[PDB]
Every structure is written in C-alpha cells, then in structure tokens.
C-alpha cells in the first residue's frame, strides 16, 4: 500500500544522505518528535555522519535543533555524538545530548511546551531553515499525515523555508484520522483566535498537516522504530503514593469538591504516573477523561476497560507491549484518542476552562512547597520543565508526586530550600510521597512547611527539616518565609562533598 498517494510528490523522493545536504551549518531546524514518538530518524543519522567528517576536515557543521519535545537515539543521540548541535530547545531525554548540555557544549533552553510554537513564530529561535517531519502517509491532496505525535509540526511546516518529509512504513497506516490539526490562529500574530474546545473529546480541525508542496524539497522513505518506554511496573513506593492520591480524590468527591467522574486528568510518565493510572483503573471513579500531553500504557488500559471515555494528548508514550496492543486494535483505540498540536493540548486557556487536575513528578520541593523539576543541585539539567508549568499553573488542582528520598536514601526530596525553582508555591497545592499527603490549600508558607515536613518528608530527614525550620523561625531576617541563608543550600553542598545528605 503506497504511502505517498499524491503522485506528483513521488518525484521528490530521494536518499536520506542527499536530503541531509539541504541542511547547512548554522541552520535552524524544526522537527517532529515528542516523548520519543514521531521524530525524524534517517536524515538526522546521515546529517550526523557528514558532520563528523566535516569536523575532521576542520569544518564547522552544527545546527540549532527545535523539536516538539524529547526525541530518540537516532536524532538527539546521533547528533550529540557528532557534536552537531549548537542550540537545543525545548525538551530532551537523550543521555548523550544531556551530557553535551551539562558540559556547556550545547546551549539549551527548556521553554514551556505550550509556548514553543508561539515563540518560534515570534522569532525567538531565529528564522527556520528546515522543517524535518516524519509522516505516516501523504494524502492525495498533499496533506501530511503525522505519526505517533503531533508536537509543533504544523508550526515548523509554516515557518520553514524548506521542508523534508520522512515517510515511515514502520508507523501504522491506521494512525491516519487520529490527529486533530486546527488551522486557527493559536500561536500566531495577535490577536489570536479563541480555541473553541469546551470538552476533552472535541475535535476542531482535520487529520492532516498542511504545507505548500512547493516548499517540500525532499521526501525520504524510512523504516525505523520510535523510542519505546520501559515495561517495568510500579514499586511499593509508587503504589503508596497512588494510594494516598486516590484516597484524596475519594475524599474530595465525598465533600462535593470533585464530580464522581473527577475532572480532565493530566499525568506524566514513569513509575509513579503508572501507579496512579493503575489505581484509577480499579478505582471508584467512572467516565474519566484524559486531557494531557501524552498517552501512556495506563491510559490505553482504561480506554479499554471503559473507565476512561476519551484521552486527549499530543503524543504516545508506550512500552513495546502497549504499542503491540494498540497496533492490533487501532480501529478501536482511534475512536477513543485525540492527538492534538502541543500548543493546543498545553494551552493554559483550555486547561483552566476544562478545570484539569495536574499530576506531576519533581526532583525536589523545599519546606515551603517550591518545586524543582529540572536541575539537580541547581545546575545539572535532567530533562526539562516540559508541560509541567503549563498544567500546574492553569489547573483546577496542582499536584506533585515523588518518592520522599532519591539515590537510595542519600538524597531527600524535601529540602530546606530548592536548589532551582520551576514551580512557585502558588502553583503547587498538593504534595504526595510514600510518607503521606500534604494539602496546602489556603495555607501560609509557615503553615505549608508544617504540612510538608510532617506529612511528606522521610523519617530520616524530617527531624533535620524541623530543626532547620525551627531555628529559621527564631533567626531569619523576616518571619514570613523563614530561612537560614548560611545553611539553606548546605544539604545540596553536603551531597556534592560527600555523596549523601545525611550528616556524619
């Protein structure tokens, strides 16, 4: 079954290596790719190999790389290995790229995912030379069917001088129809349009990305896999966290602060999110709705069981087993899933209107409930802020979930002062660890500290945290948000100096 159904465009098919030659040193390149799904694969590999060769001849060859969010080894991996990226935005999970970033070899800035399109159009990344987008197919009228994510692809196609499409036969043809691409002005020049989404299952657009065929400079036929998520299941720490959260939801419903069907749910990926979703799958809440960034294993299961009615996202993030399941039942799941542009799934106006419940991980929080999502010891990038800000601030309820310790107990997730801040107190109402849940609604900082210390902190660290808080209350410059500046960051420095936050 021919994937390029526009006959004329078949004339633009060429090899990856040749396509890669359209990318020049210094170019700004916008690509598809979100949570290891739907990123271009063959052209980046060919670009990387030509970059190394150029460097060896003492030729500079680097690009600025702007994506939906995280990609995979073929893209971030290969280009970082080749030292071919001088600037990267807005979200990465590749280890090699992480090292380039943390060594200062690649400039990085993690913009709010929902804002990337708008900033790109505003011109913050500079002029876009290339859009490199993966596709399931190209329709008879030249529409570009995206693959396992939408991301920023439509904006990149609009902005780029030249377009390269990778048509990937690995991606299931039945993806066609699952996406909803709006031609409204979401991220363009003000005044923007109202995005008329009033329900999570609402489609406002069509199944294809639009691009002027004159801009398409190359089509590359590919066959290569996405970066698929780990199968590993929720440990006891994660189940405890989930248990506290579900009890909390139970209580909110009994007090009429939440409908029996909760509100549209936003969740991340990983051990804890999986536990939460597994918990929701068997919980007392019916007719759930997902309005999130990503569809993960848990989601599919609930859509399957009917516990969740619809799931909105910009991307998939599945394990091999979950991928297998959806590919065998695509016709079923396709009626239940909507993949949107990331500037829509992460639109604060929409998130607030729908009243989403935001559930996010964190590196650490301080005793006053400031959250670090990104920078270990305040200086070493992990992944990026991603959509956590988009959702946390706009949500009906902002929830942060984490094991109370990290690194086998050598790090406390609750600290006197967060070494870097991603989400301010105002953007965090609920904290959950395997120790318990802190409800901070309506509380002053001193009152937040009492809750977080007693409910969330690990017994190994709680006395230390209480001691810091008590002495701060007695000695701080002001008493509104008590701190001891001489030791506020000392647990972090202690970890740097000794490999643990536990005193000797």
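Numbering follows the first chain given and starts at 1.
Asker: When the Cα temperature factors in the entry are averaged, is it 296-304 or 98-106 that ends up higher?
Answerer: Per the PDB entry, the higher value belongs to 296-304.
Asker: Please compare 88-96 with 260-268 and name the stretch with the higher mean C-alpha B-factor in the deposited structure.
Answerer: That would be 260-268.
Asker: Name the one of 467, 42, 52, 439 with the greatest CA B-factor according to the PDB entry.
Answerer: Of 467, 42, 52, 439, 52 has the highest C-alpha B-factor.
Asker: In the PDB entry, which of 280, 131, 397, 145 has its C-alpha at the highest B-factor?
Answerer: Each of 280, 131, 397, 145 was compared by C-alpha B-factor; the highest is 280.
Asker: Using the B-factors in the PDB entry, rank residue 127's C-alpha atom against the chain and give the third, lowest, middle or highest.
Answerer: Ranked within chain, residue 127 CA B lands in the middle tercile.
Asker: Classify residue 58 as lowest, middle or highest third according to the C-alpha B-factor given in the PDB entry, relative to its own chain.
Answerer: Highest third of the chain for residue 58's C-alpha B-factor.
Asker: Relative to the other modelled residues of the same chain, rank the CA B-factor of residue 171 and answer lowest, middle or highest third.
Answerer: Tercile = highest for this residue's CA B-factor.
Asker: Is the Cα B-factor recorded for residue 71 in the lowest, middle or highest third of its chain?
Answerer: As the PDB entry reports it, the C-alpha B-factor of residue 71 lands in the lowest third of its chain.
Asker: Consider only the C-alpha atoms of the modelled residues in this chain, order them by B-factor as the entry records it, and name the third containing residue 352: lowest, middle or highest.
Answerer: Lowest third.
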